[PDB]
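Structure first, commentary second.
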Amino acid sequence: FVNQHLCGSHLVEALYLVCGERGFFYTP
Amino acid sequence: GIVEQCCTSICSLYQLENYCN
Ligand SMILES: O=[N+]([O-])c1cccc(O)c1
Ligand SMILES: [Zn+2]
Numbered sequence: 001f002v003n004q005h006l007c008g009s010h011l012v013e014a015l016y017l018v019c020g021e022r023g024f025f026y027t028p
Numbered sequence: 001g002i003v004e005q006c007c008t009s010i011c012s013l014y015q016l017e018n019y020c021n
């Protein structure tokens, strides 16, 4: 739970950088 | 899921791009 939440924060930042202007979607 | 494939195993920049719009 806590481990999954901490990873999600970094995943969400990484997606923001890779996708750029196209944007992205995050659903846990 | 994003979590299923990248919180258990490491993900390349190409793998994450599949989750872009
Ligand atoms: O473990 N990963 O797959 C992961 C998490 C956060 C950022 C990233 O580039 C890769
Ligand atoms: Zn952290």
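Keeping their order, the protein sequence lines are chains B and A.
Throughout the first sequence, residue numbering follows the authors' numbering, covering 1 to 28 in sequence.
Throughout the second sequence, residue numbering follows the authors' numbering, covering 1 to 21 in sequence.
Here a beta-carbon is modelled for each residue, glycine too, at the ideal position from N, C-alpha and C.
{"query": "Which same chain residues end up closer than 8 Å to A/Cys11 when comparing Cβ atoms and leaving out the 5 residues on each side of it in sequence?", "result": "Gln5"}
{"query": "Using a beta-carbon distance below 9 Å, is B/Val2 in contact with chain A?", "result": "no"}
{"query": "Output the distance between the C-alpha atoms of residue 29 of chain B and A/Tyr19, rounded to the nearest integer angstrom.", "result": "The shown model of chain B, from 1 to 28, leaves out residue 29 of chain B, and the question about it has no answer."}
{"query": "Classify residue 29 of chain B: buried if its beta carbon has 16 or more other beta carbons within 10 angstroms, exposed otherwise.", "result": "Nothing about residue 29 of chain B can be read from this structure; chain B reaches only from 1 to 28."}
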